[PDB]
$ cat final05.cif   # mmCIF, N, CA and C atoms and all ligand atoms
data_target
loop_
_atom_site.label_atom_id
_atom_site.label_comp_id
_atom_site.auth_asym_id
_atom_site.auth_seq_id
_atom_site.Cartn_x
_atom_site.Cartn_y
_atom_site.Cartn_z
N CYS W 750 -7.71 -16.83 -14.82
CA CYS W 750 -7.62 -18.11 -14.06
C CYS W 750 -6.25 -18.23 -13.39
N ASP W 751 -5.67 -17.09 -13.04
CA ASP W 751 -4.39 -17.01 -12.33
C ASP W 751 -4.46 -15.81 -11.36
N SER W 752 -3.95 -15.96 -10.14
CA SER W 752 -4.36 -15.05 -9.07
C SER W 752 -3.36 -14.72 -7.96
N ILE W 753 -3.57 -13.56 -7.33
CA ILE W 753 -2.87 -13.14 -6.11
C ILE W 753 -3.88 -12.93 -5.00
N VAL W 754 -3.47 -13.15 -3.76
CA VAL W 754 -4.36 -12.97 -2.61
C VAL W 754 -4.21 -11.55 -2.04
N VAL W 755 -5.29 -10.77 -2.04
CA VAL W 755 -5.26 -9.40 -1.54
C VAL W 755 -5.93 -9.33 -0.20
N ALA W 756 -5.27 -8.71 0.77
CA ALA W 756 -5.84 -8.49 2.10
C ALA W 756 -5.49 -7.14 2.67
N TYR W 757 -6.48 -6.49 3.27
CA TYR W 757 -6.25 -5.16 3.77
C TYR W 757 -6.79 -5.00 5.17
N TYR W 758 -6.12 -4.19 5.98
CA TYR W 758 -6.67 -3.72 7.26
C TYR W 758 -7.39 -2.36 7.09
N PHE W 759 -8.68 -2.33 7.37
CA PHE W 759 -9.50 -1.20 7.00
C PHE W 759 -9.73 -0.27 8.19
N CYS W 760 -9.53 1.03 8.01
CA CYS W 760 -9.73 2.05 9.05
C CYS W 760 -9.70 1.61 10.51
N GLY W 761 -8.74 0.78 10.89
CA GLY W 761 -8.60 0.46 12.31
C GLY W 761 -8.91 -0.97 12.73
N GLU W 762 -10.13 -1.41 12.45
CA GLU W 762 -10.50 -2.84 12.44
C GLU W 762 -9.28 -3.73 12.47
N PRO W 763 -9.19 -4.63 13.45
CA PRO W 763 -8.01 -5.48 13.50
C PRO W 763 -8.21 -6.80 12.79
N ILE W 764 -9.44 -7.21 12.52
CA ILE W 764 -9.55 -8.37 11.65
C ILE W 764 -9.58 -7.83 10.25
N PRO W 765 -8.65 -8.28 9.41
CA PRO W 765 -8.57 -7.84 8.03
C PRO W 765 -9.52 -8.54 7.09
N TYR W 766 -9.59 -8.02 5.87
CA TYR W 766 -10.44 -8.57 4.85
C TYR W 766 -9.52 -9.13 3.80
N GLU W 767 -9.79 -10.38 3.39
CA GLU W 767 -8.98 -11.08 2.38
C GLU W 767 -9.90 -11.54 1.31
N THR W 768 -9.36 -11.65 0.11
CA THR W 768 -10.11 -12.06 -1.08
C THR W 768 -9.17 -12.30 -2.25
N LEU W 769 -9.58 -13.19 -3.14
CA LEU W 769 -8.78 -13.55 -4.31
C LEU W 769 -9.01 -12.56 -5.45
N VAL W 770 -7.93 -12.19 -6.14
CA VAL W 770 -8.00 -11.25 -7.27
C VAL W 770 -7.21 -11.74 -8.49
N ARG W 771 -7.78 -11.49 -9.68
CA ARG W 771 -7.30 -12.12 -10.91
C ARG W 771 -6.16 -11.38 -11.66
N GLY W 772 -4.95 -11.97 -11.70
CA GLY W 772 -4.11 -11.72 -12.86
C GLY W 772 -2.65 -11.29 -12.72
N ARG W 773 -1.88 -11.98 -11.88
CA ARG W 773 -0.42 -11.84 -11.89
C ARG W 773 0.08 -10.52 -11.34
N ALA W 774 -0.74 -9.48 -11.49
CA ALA W 774 -0.46 -8.17 -10.94
C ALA W 774 -1.72 -7.56 -10.35
N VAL W 775 -1.56 -6.72 -9.33
CA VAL W 775 -2.66 -5.85 -9.01
C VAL W 775 -2.24 -4.41 -8.86
N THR W 776 -3.10 -3.52 -9.37
CA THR W 776 -2.84 -2.10 -9.24
C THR W 776 -3.73 -1.49 -8.16
N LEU W 777 -3.30 -0.35 -7.63
CA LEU W 777 -4.04 0.41 -6.63
C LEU W 777 -5.48 0.65 -7.08
N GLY W 778 -5.68 0.85 -8.38
CA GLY W 778 -7.02 1.09 -8.88
C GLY W 778 -7.85 -0.16 -8.79
N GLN W 779 -7.26 -1.30 -9.15
CA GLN W 779 -7.92 -2.59 -8.98
C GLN W 779 -8.24 -2.76 -7.50
N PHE W 780 -7.28 -2.41 -6.64
CA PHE W 780 -7.45 -2.59 -5.21
C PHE W 780 -8.58 -1.70 -4.74
N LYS W 781 -8.53 -0.42 -5.09
CA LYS W 781 -9.53 0.55 -4.65
C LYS W 781 -10.92 0.04 -4.98
N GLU W 782 -11.04 -0.71 -6.08
CA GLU W 782 -12.35 -1.25 -6.47
C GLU W 782 -12.92 -2.27 -5.44
N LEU W 783 -12.10 -2.74 -4.52
CA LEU W 783 -12.54 -3.73 -3.56
C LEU W 783 -13.15 -3.04 -2.40
N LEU W 784 -12.75 -1.81 -2.16
CA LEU W 784 -13.19 -1.11 -0.94
C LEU W 784 -14.68 -0.89 -1.01
N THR W 785 -15.35 -1.01 0.14
CA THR W 785 -16.82 -0.99 0.18
C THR W 785 -17.37 0.40 0.43
N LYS W 786 -16.59 1.22 1.10
CA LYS W 786 -17.04 2.53 1.50
C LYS W 786 -16.35 3.66 0.70
N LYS W 787 -17.07 4.75 0.46
CA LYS W 787 -16.50 5.86 -0.31
C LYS W 787 -15.80 6.88 0.58
N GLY W 788 -14.97 7.72 -0.02
CA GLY W 788 -14.32 8.76 0.74
C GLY W 788 -12.84 8.93 0.44
N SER W 789 -12.16 9.68 1.29
CA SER W 789 -10.74 9.90 1.13
C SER W 789 -9.88 9.08 2.11
N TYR W 790 -9.00 8.26 1.54
CA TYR W 790 -8.16 7.41 2.31
C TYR W 790 -6.71 7.57 1.85
N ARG W 791 -5.76 7.09 2.67
CA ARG W 791 -4.41 6.83 2.18
C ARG W 791 -4.17 5.33 2.16
N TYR W 792 -3.35 4.89 1.22
CA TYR W 792 -3.20 3.46 0.99
C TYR W 792 -1.75 2.99 1.18
N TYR W 793 -1.55 2.13 2.17
CA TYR W 793 -0.24 1.58 2.38
C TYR W 793 -0.20 0.09 2.14
N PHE W 794 0.92 -0.42 1.62
CA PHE W 794 1.05 -1.85 1.35
C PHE W 794 2.38 -2.41 1.86
N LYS W 795 2.33 -3.57 2.50
CA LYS W 795 3.51 -4.20 3.08
C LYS W 795 4.47 -4.48 1.94
N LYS W 796 5.75 -4.33 2.19
CA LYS W 796 6.75 -4.42 1.14
C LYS W 796 8.10 -4.59 1.82
N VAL W 797 8.91 -5.49 1.27
CA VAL W 797 10.24 -5.73 1.82
C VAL W 797 11.19 -4.71 1.28
N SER W 798 12.12 -4.28 2.12
CA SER W 798 12.95 -3.13 1.85
C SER W 798 14.17 -3.22 2.73
N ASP W 799 15.34 -3.30 2.09
CA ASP W 799 16.62 -3.60 2.75
C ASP W 799 17.18 -2.45 3.60
N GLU W 800 16.67 -1.23 3.38
CA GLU W 800 17.22 -0.04 4.03
C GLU W 800 16.48 0.36 5.31
N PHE W 801 15.73 -0.59 5.88
CA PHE W 801 15.04 -0.39 7.16
C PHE W 801 15.25 -1.57 8.10
N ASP W 802 15.47 -1.25 9.37
CA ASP W 802 16.19 -2.10 10.33
C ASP W 802 15.55 -3.45 10.69
N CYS W 803 14.29 -3.64 10.34
CA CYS W 803 13.65 -4.93 10.54
C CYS W 803 12.87 -5.39 9.30
N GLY W 804 13.38 -5.03 8.12
CA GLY W 804 12.90 -5.61 6.87
C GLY W 804 11.78 -4.89 6.11
N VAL W 805 10.60 -4.81 6.71
CA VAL W 805 9.42 -4.35 6.01
C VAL W 805 9.30 -2.85 6.10
N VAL W 806 8.58 -2.25 5.14
CA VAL W 806 7.84 -1.00 5.39
C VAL W 806 6.48 -1.03 4.70
N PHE W 807 5.52 -0.24 5.18
CA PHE W 807 4.27 -0.05 4.42
C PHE W 807 4.52 1.09 3.49
N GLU W 808 4.47 0.80 2.21
CA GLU W 808 4.64 1.81 1.16
C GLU W 808 3.30 2.42 0.83
N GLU W 809 3.28 3.74 0.75
CA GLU W 809 2.08 4.45 0.33
C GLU W 809 1.99 4.40 -1.20
N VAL W 810 0.78 4.19 -1.70
CA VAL W 810 0.54 4.22 -3.13
C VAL W 810 -0.61 5.19 -3.44
N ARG W 811 -0.41 6.05 -4.42
CA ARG W 811 -1.39 7.08 -4.68
C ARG W 811 -2.03 6.92 -6.04
N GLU W 812 -1.28 6.42 -7.02
CA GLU W 812 -1.77 6.41 -8.39
C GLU W 812 -2.46 5.11 -8.76
N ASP W 813 -3.61 5.17 -9.43
CA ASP W 813 -4.45 3.99 -9.64
C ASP W 813 -3.72 3.04 -10.58
N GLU W 814 -2.83 3.59 -11.39
CA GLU W 814 -2.17 2.84 -12.45
C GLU W 814 -0.97 2.05 -11.98
N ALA W 815 -0.65 2.20 -10.68
CA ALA W 815 0.53 1.57 -10.05
C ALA W 815 0.42 0.10 -9.79
N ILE W 816 1.55 -0.56 -9.76
CA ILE W 816 1.49 -1.94 -9.39
C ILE W 816 1.77 -2.02 -7.94
N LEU W 817 0.93 -2.76 -7.23
CA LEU W 817 1.08 -2.90 -5.79
C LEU W 817 2.17 -3.90 -5.42
N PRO W 818 2.98 -3.57 -4.41
CA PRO W 818 4.06 -4.45 -3.97
C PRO W 818 3.55 -5.78 -3.47
N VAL W 819 4.35 -6.83 -3.61
CA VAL W 819 3.96 -8.10 -3.02
C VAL W 819 4.86 -8.54 -1.88
N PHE W 820 4.25 -9.15 -0.87
CA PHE W 820 4.94 -9.54 0.34
C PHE W 820 4.50 -10.95 0.71
N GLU W 821 5.48 -11.86 0.76
CA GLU W 821 5.22 -13.25 1.05
C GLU W 821 4.08 -13.76 0.16
N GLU W 822 4.14 -13.41 -1.11
CA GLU W 822 3.24 -13.95 -2.12
C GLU W 822 1.81 -13.42 -2.03
N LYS W 823 1.54 -12.63 -1.00
CA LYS W 823 0.27 -11.93 -0.86
C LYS W 823 0.38 -10.43 -1.15
N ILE W 824 -0.77 -9.77 -1.22
CA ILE W 824 -0.84 -8.31 -1.12
C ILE W 824 -1.46 -7.88 0.19
N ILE W 825 -0.75 -7.08 0.95
CA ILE W 825 -1.24 -6.73 2.27
C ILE W 825 -1.29 -5.22 2.44
N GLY W 826 -2.50 -4.70 2.63
CA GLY W 826 -2.66 -3.26 2.73
C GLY W 826 -3.29 -2.77 4.03
N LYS W 827 -2.89 -1.58 4.44
CA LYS W 827 -3.63 -0.83 5.42
C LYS W 827 -4.33 0.33 4.70
N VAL W 828 -5.64 0.41 4.87
CA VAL W 828 -6.39 1.53 4.36
C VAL W 828 -6.74 2.48 5.49
N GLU W 829 -6.34 3.75 5.38
CA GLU W 829 -6.57 4.70 6.47
C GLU W 829 -7.34 5.92 6.03
N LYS W 830 -8.31 6.36 6.83
CA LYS W 830 -9.16 7.49 6.48
C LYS W 830 -8.47 8.78 6.85
N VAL W 831 -8.53 9.75 5.96
CA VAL W 831 -8.04 11.07 6.29
C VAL W 831 -9.05 11.68 7.24
N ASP W 832 -8.68 11.82 8.51
CA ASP W 832 -9.60 12.42 9.46
C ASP W 832 -9.71 13.90 9.14
HG HG U 1 -6.26 -17.65 -17.80
HG HG U 2 -13.08 3.79 7.49
#
$ encode --input "final05.cif" --output "structure tokens"
Amino acid sequence: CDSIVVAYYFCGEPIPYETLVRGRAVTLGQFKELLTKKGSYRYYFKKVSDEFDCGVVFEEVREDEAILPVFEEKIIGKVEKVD
């Protein structure tokens, strides 16, 4: 009964998908469970980072056990297909 807002941009599509997810943290594996289609993707998430000239970078996450970065109180991902 406690939550973070997860939203991702999927394989190009410019309107993103948003949805509520339960529990103070989210991991890449939890995130991967939201995806509707199967296959091989790379996963990037918006994240603030002081060593880049305009603040943000999209961090790649590979391991399901990882905690996903948070940005402006949301989780924001780009999901990209390995062509
Ligand atoms: Hg609770
Ligand atoms: Hg796709």
$ residues_near_ligand --input "final05.cif" --ligand "ligand HG 1 (chain U)" --cutoff "10 Å" --atoms "only C-alpha atoms and all ligand atoms" --output "mmCIF file with N, CA and C atoms, in the frame of the given file"
data_model
loop_
_atom_site.group_PDB
_atom_site.id
_atom_site.type_symbol
_atom_site.label_atom_id
_atom_site.label_comp_id
_atom_site.auth_asym_id
_atom_site.auth_seq_id
_atom_site.Cartn_x
_atom_site.Cartn_y
_atom_site.Cartn_z
ATOM 1 N N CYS W 750 -7.710 -16.830 -14.820
ATOM 2 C CA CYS W 750 -7.620 -18.110 -14.060
ATOM 3 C C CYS W 750 -6.250 -18.230 -13.390
ATOM 4 N N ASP W 751 -5.670 -17.090 -13.040
ATOM 5 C CA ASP W 751 -4.390 -17.010 -12.330
ATOM 6 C C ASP W 751 -4.460 -15.810 -11.360
ATOM 7 N N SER W 752 -3.950 -15.960 -10.140
ATOM 8 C CA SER W 752 -4.360 -15.050 -9.070
ATOM 9 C C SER W 752 -3.360 -14.720 -7.960
ATOM 10 N N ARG W 771 -7.780 -11.490 -9.680
ATOM 11 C CA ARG W 771 -7.300 -12.120 -10.910
ATOM 12 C C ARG W 771 -6.160 -11.380 -11.660
ATOM 13 N N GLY W 772 -4.950 -11.970 -11.700
ATOM 14 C CA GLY W 772 -4.110 -11.720 -12.860
ATOM 15 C C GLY W 772 -2.650 -11.290 -12.720
#
$ residues_near_ligand --input "final05.cif" --ligand "ligand HG 2 (chain U)" --cutoff "12 Å" --atoms "only C-alpha atoms and all ligand atoms" --output "list in words"
residues 757, 758, 759, 760, 761, 762, 784, 785, 786, 787, 788, 789, 790, 791, 792, 827, 828, 829, 830, 831 and 832 of chain W
$ closest_residue --input "final05.cif" --among "W:818, W:780, W:813, W:755" --to "residue 794 of chain W" --atoms "all atoms listed in the file"
W:818
$ closest_residue --input "final05.cif" --among "W:777, W:797, W:824, W:783" --to "residue 810 of chain W" --atoms "only N, CA and C atoms"
W:777
$ residues_around --input "final05.cif" --residues "residue 774 of chain W" --least-positions-apart "5" --cutoff "7 Å" --atoms "only N, CA and C atoms" --output "PyMOL selection string"
chain W and resi 752-753+816-817
$ write_last_selection --input "final05.cif" --atoms "N, CA and C atoms" --output "compact mmCIF listing (two decimals), keeping the file's coordinate frame"
# COMPACT_ATOMS: atom_id res chain seq x y z
N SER W 752 -3.95 -15.96 -10.14
CA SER W 752 -4.36 -15.05 -9.07
C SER W 752 -3.36 -14.72 -7.96
N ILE W 753 -3.57 -13.56 -7.33
CA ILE W 753 -2.87 -13.14 -6.11
C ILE W 753 -3.88 -12.93 -5.00
N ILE W 816 1.55 -0.56 -9.76
CA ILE W 816 1.49 -1.94 -9.39
C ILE W 816 1.77 -2.02 -7.94
N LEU W 817 0.93 -2.76 -7.23
CA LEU W 817 1.08 -2.90 -5.79
C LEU W 817 2.17 -3.90 -5.42
$ select_by_dssp --input "final05.cif" --residues "chain W" --states "strand (DSSP E or B)" --output "ChimeraX atom specification"
/W:752-759,766-771,776,790-797,805-809,816,820,823-830
$ closest_residue --input "final05.cif" --among "W:756, W:825, W:770, W:764" --to "residue 805 of chain W" --atoms "only C-alpha atoms"
W:825
$ atom_distance --input "final05.cif" --atom1 "atom C of residue 768 of chain W" --atom2 "atom C of residue 796 of chain W"
19.3 Å
$ closest_residue --input "final05.cif" --among "W:820, W:766, W:811, W:782" --to "residue 795 of chain W" --atoms "all atoms listed in the file"
W:820
$ atom_distance --input "final05.cif" --atom1 "atom C of residue 812 of chain W" --atom2 "atom CA of residue 765 of chain W"
22.1 Å
$ atom_distance --input "final05.cif" --atom1 "atom CA of residue 779 of chain W" --atom2 "atom CA of residue 804 of chain W"
26.3 Å
$ closest_residue --input "final05.cif" --among "W:793, W:763, W:803, W:814" --to "residue 775 of chain W" --atoms "only C-alpha atoms"
W:814
$ select_by_dssp --input "final05.cif" --residues "chain W" --states "helix (DSSP H, G or I)" --output "list in words"
residues 777, 778, 779, 780 and 781 of chain W
$ write_last_selection --input "final05.cif" --atoms "N, CA and C atoms" --output "PDB file, in the frame of the given file"
ATOM      1  N   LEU W 777      -3.300  -0.350  -7.630  1.00  0.00           N
ATOM      2  CA  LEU W 777      -4.040   0.410  -6.630  1.00  0.00           C
ATOM      3  C   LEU W 777      -5.480   0.650  -7.080  1.00  0.00           C
ATOM      4  N   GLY W 778      -5.680   0.850  -8.380  1.00  0.00           N
ATOM      5  CA  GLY W 778      -7.020   1.090  -8.880  1.00  0.00           C
ATOM      6  C   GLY W 778      -7.850  -0.160  -8.790  1.00  0.00           C
ATOM      7  N   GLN W 779      -7.260  -1.300  -9.150  1.00  0.00           N
ATOM      8  CA  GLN W 779      -7.920  -2.590  -8.980  1.00  0.00           C
ATOM      9  C   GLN W 779      -8.240  -2.760  -7.500  1.00  0.00           C
ATOM     10  N   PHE W 780      -7.280  -2.410  -6.640  1.00  0.00           N
ATOM     11  CA  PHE W 780      -7.450  -2.590  -5.210  1.00  0.00           C
ATOM     12  C   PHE W 780      -8.580  -1.700  -4.740  1.00  0.00           C
ATOM     13  N   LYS W 781      -8.530  -0.420  -5.090  1.00  0.00           N
ATOM     14  CA  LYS W 781      -9.530   0.550  -4.650  1.00  0.00           C
ATOM     15  C   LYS W 781     -10.920   0.040  -4.980  1.00  0.00           C
TER      16      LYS W 781
END
$ axis_aligned_box --input "final05.cif" --around "segment 780-792 of chain W" --padding-each-side "3 Å" --output "AutoDock Vina command-line options"
--center_x -9.6 --center_y 3.1 --center_z -2.0 --size_x 21.6 --size_y 19.6 --size_z 15.3
$ build_atoms --input "final05.cif" --residues "segment 779-800 of chain W" --atoms "N, CA, C and O atoms" --output "PDB file, in the coordinates of the input"
ATOM      1  N   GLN W 779      -7.260  -1.300  -9.150  1.00  0.00           N
ATOM      2  CA  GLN W 779      -7.920  -2.590  -8.980  1.00  0.00           C
ATOM      3  C   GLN W 779      -8.240  -2.760  -7.500  1.00  0.00           C
ATOM      4  O   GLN W 779      -9.338  -3.205  -7.141  1.00  0.00           O
ATOM      5  N   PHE W 780      -7.280  -2.410  -6.640  1.00  0.00           N
ATOM      6  CA  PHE W 780      -7.450  -2.590  -5.210  1.00  0.00           C
ATOM      7  C   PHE W 780      -8.580  -1.700  -4.740  1.00  0.00           C
ATOM      8  O   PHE W 780      -9.489  -2.163  -4.093  1.00  0.00           O
ATOM      9  N   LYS W 781      -8.530  -0.420  -5.090  1.00  0.00           N
ATOM     10  CA  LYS W 781      -9.530   0.550  -4.650  1.00  0.00           C
ATOM     11  C   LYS W 781     -10.920   0.040  -4.980  1.00  0.00           C
ATOM     12  O   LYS W 781     -11.877   0.307  -4.256  1.00  0.00           O
ATOM     13  N   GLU W 782     -11.040  -0.710  -6.080  1.00  0.00           N
ATOM     14  CA  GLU W 782     -12.350  -1.250  -6.470  1.00  0.00           C
ATOM     15  C   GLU W 782     -12.920  -2.270  -5.440  1.00  0.00           C
ATOM     16  O   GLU W 782     -14.087  -2.618  -5.472  1.00  0.00           O
ATOM     17  N   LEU W 783     -12.100  -2.740  -4.520  1.00  0.00           N
ATOM     18  CA  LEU W 783     -12.540  -3.730  -3.560  1.00  0.00           C
ATOM     19  C   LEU W 783     -13.150  -3.040  -2.400  1.00  0.00           C
ATOM     20  O   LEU W 783     -13.975  -3.616  -1.712  1.00  0.00           O
ATOM     21  N   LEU W 784     -12.750  -1.810  -2.160  1.00  0.00           N
ATOM     22  CA  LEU W 784     -13.190  -1.110  -0.940  1.00  0.00           C
ATOM     23  C   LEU W 784     -14.680  -0.890  -1.010  1.00  0.00           C
ATOM     24  O   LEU W 784     -15.232  -0.638  -2.088  1.00  0.00           O
ATOM     25  N   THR W 785     -15.350  -1.010   0.140  1.00  0.00           N
ATOM     26  CA  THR W 785     -16.820  -0.990   0.180  1.00  0.00           C
ATOM     27  C   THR W 785     -17.370   0.400   0.430  1.00  0.00           C
ATOM     28  O   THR W 785     -18.462   0.721   0.006  1.00  0.00           O
ATOM     29  N   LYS W 786     -16.590   1.220   1.100  1.00  0.00           N
ATOM     30  CA  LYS W 786     -17.040   2.530   1.500  1.00  0.00           C
ATOM     31  C   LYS W 786     -16.350   3.660   0.700  1.00  0.00           C
ATOM     32  O   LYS W 786     -15.173   3.537   0.302  1.00  0.00           O
ATOM     33  N   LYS W 787     -17.070   4.750   0.460  1.00  0.00           N
ATOM     34  CA  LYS W 787     -16.500   5.860  -0.310  1.00  0.00           C
ATOM     35  C   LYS W 787     -15.800   6.880   0.580  1.00  0.00           C
ATOM     36  O   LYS W 787     -15.995   6.908   1.806  1.00  0.00           O
ATOM     37  N   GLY W 788     -14.970   7.720  -0.020  1.00  0.00           N
ATOM     38  CA  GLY W 788     -14.320   8.760   0.740  1.00  0.00           C
ATOM     39  C   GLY W 788     -12.840   8.930   0.440  1.00  0.00           C
ATOM     40  O   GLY W 788     -12.335   8.404  -0.548  1.00  0.00           O
ATOM     41  N   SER W 789     -12.160   9.680   1.290  1.00  0.00           N
ATOM     42  CA  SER W 789     -10.740   9.900   1.130  1.00  0.00           C
ATOM     43  C   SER W 789      -9.880   9.080   2.110  1.00  0.00           C
ATOM     44  O   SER W 789      -9.979   9.189   3.324  1.00  0.00           O
ATOM     45  N   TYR W 790      -9.000   8.260   1.540  1.00  0.00           N
ATOM     46  CA  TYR W 790      -8.160   7.410   2.310  1.00  0.00           C
ATOM     47  C   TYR W 790      -6.710   7.570   1.850  1.00  0.00           C
ATOM     48  O   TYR W 790      -6.443   8.133   0.800  1.00  0.00           O
ATOM     49  N   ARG W 791      -5.760   7.090   2.670  1.00  0.00           N
ATOM     50  CA  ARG W 791      -4.410   6.830   2.180  1.00  0.00           C
ATOM     51  C   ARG W 791      -4.170   5.330   2.160  1.00  0.00           C
ATOM     52  O   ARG W 791      -4.740   4.590   2.944  1.00  0.00           O
ATOM     53  N   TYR W 792      -3.350   4.890   1.220  1.00  0.00           N
ATOM     54  CA  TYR W 792      -3.200   3.460   0.990  1.00  0.00           C
ATOM     55  C   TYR W 792      -1.750   2.990   1.180  1.00  0.00           C
ATOM     56  O   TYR W 792      -0.825   3.366   0.430  1.00  0.00           O
ATOM     57  N   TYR W 793      -1.550   2.130   2.170  1.00  0.00           N
ATOM     58  CA  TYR W 793      -0.240   1.580   2.380  1.00  0.00           C
ATOM     59  C   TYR W 793      -0.200   0.090   2.140  1.00  0.00           C
ATOM     60  O   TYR W 793      -1.162  -0.606   2.408  1.00  0.00           O
ATOM     61  N   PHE W 794       0.920  -0.420   1.620  1.00  0.00           N
ATOM     62  CA  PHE W 794       1.050  -1.850   1.350  1.00  0.00           C
ATOM     63  C   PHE W 794       2.380  -2.410   1.860  1.00  0.00           C
ATOM     64  O   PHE W 794       3.434  -1.797   1.705  1.00  0.00           O
ATOM     65  N   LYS W 795       2.330  -3.570   2.500  1.00  0.00           N
ATOM     66  CA  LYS W 795       3.510  -4.200   3.080  1.00  0.00           C
ATOM     67  C   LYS W 795       4.470  -4.480   1.940  1.00  0.00           C
ATOM     68  O   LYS W 795       4.045  -4.838   0.847  1.00  0.00           O
ATOM     69  N   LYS W 796       5.750  -4.330   2.190  1.00  0.00           N
ATOM     70  CA  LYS W 796       6.750  -4.420   1.140  1.00  0.00           C
ATOM     71  C   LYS W 796       8.100  -4.590   1.820  1.00  0.00           C
ATOM     72  O   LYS W 796       8.388  -3.920   2.839  1.00  0.00           O
ATOM     73  N   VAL W 797       8.910  -5.490   1.270  1.00  0.00           N
ATOM     74  CA  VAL W 797      10.240  -5.730   1.820  1.00  0.00           C
ATOM     75  C   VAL W 797      11.190  -4.710   1.280  1.00  0.00           C
ATOM     76  O   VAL W 797      11.062  -4.302   0.136  1.00  0.00           O
ATOM     77  N   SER W 798      12.120  -4.280   2.120  1.00  0.00           N
ATOM     78  CA  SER W 798      12.950  -3.130   1.850  1.00  0.00           C
ATOM     79  C   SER W 798      14.170  -3.220   2.730  1.00  0.00           C
ATOM     80  O   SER W 798      14.060  -3.201   3.955  1.00  0.00           O
ATOM     81  N   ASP W 799      15.340  -3.300   2.090  1.00  0.00           N
ATOM     82  CA  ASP W 799      16.620  -3.600   2.750  1.00  0.00           C
ATOM     83  C   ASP W 799      17.180  -2.450   3.600  1.00  0.00           C
ATOM     84  O   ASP W 799      18.043  -2.668   4.446  1.00  0.00           O
ATOM     85  N   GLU W 800      16.670  -1.230   3.380  1.00  0.00           N
ATOM     86  CA  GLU W 800      17.220  -0.040   4.030  1.00  0.00           C
ATOM     87  C   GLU W 800      16.480   0.360   5.310  1.00  0.00           C
ATOM     88  O   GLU W 800      16.605   1.500   5.759  1.00  0.00           O
TER      89      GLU W 800
END
